[PDB]
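Okay, here we've got a single chain as structure tokens, the form deposited in one PDB entry, with questions on binding and movement later.
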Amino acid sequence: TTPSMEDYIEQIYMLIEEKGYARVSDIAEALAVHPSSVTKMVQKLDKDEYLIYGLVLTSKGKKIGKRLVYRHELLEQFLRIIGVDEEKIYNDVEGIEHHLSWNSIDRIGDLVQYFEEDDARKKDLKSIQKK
């Protein structure tokens, strides 16, 4: 499960949910890569049984894809809550998402919940930045 493989699974999952299907051409455009690079990964994803062949995810691929989408969203919410400039959030998440253990993701989930459940906490955090 490499970072690249994860980016592909996350994108395929999102396209299926968005359009109802995922074409190699839409993946190439979404990730800004050459279609041959897409064909190579797709074959690896099929061999590793994450999907079949247009592109259809297996239960294995769907489970991981849902987790990857959840992880990405959680991390954007994390950086957003702590005050990171919105414009910078996507690129940072795209890079760090692949290097956090599930344990760290669980704890970041708790941290997000901590601030989401009581706005007063968000206000107090903001006060720190103000200094």
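Note that residue numbering follows the sequence shown and begins at 1.
- Unmodelled residues of the deposited sequence between neighbouring positions residue 53 and residue 54 number 4 to 9.
- The mean Cα B-factor in the deposited entry runs higher for 44-52 than for the other of 44-52 and 58-66.
- Stretches 79-87 and 30-38 differ in mean CA B factor, with 30-38 having the higher one.
- Compared with the other modelled residues of the chain, the Cα B-factor recorded for residue 16 ranks in the middle third.
- In the deposited entry, the Cα temperature factor of residue 24 places it in the highest third of its chain's modelled residues.
- Ranked within its chain, residue 117 lands in the highest third, by CA B factor from the PDB record.
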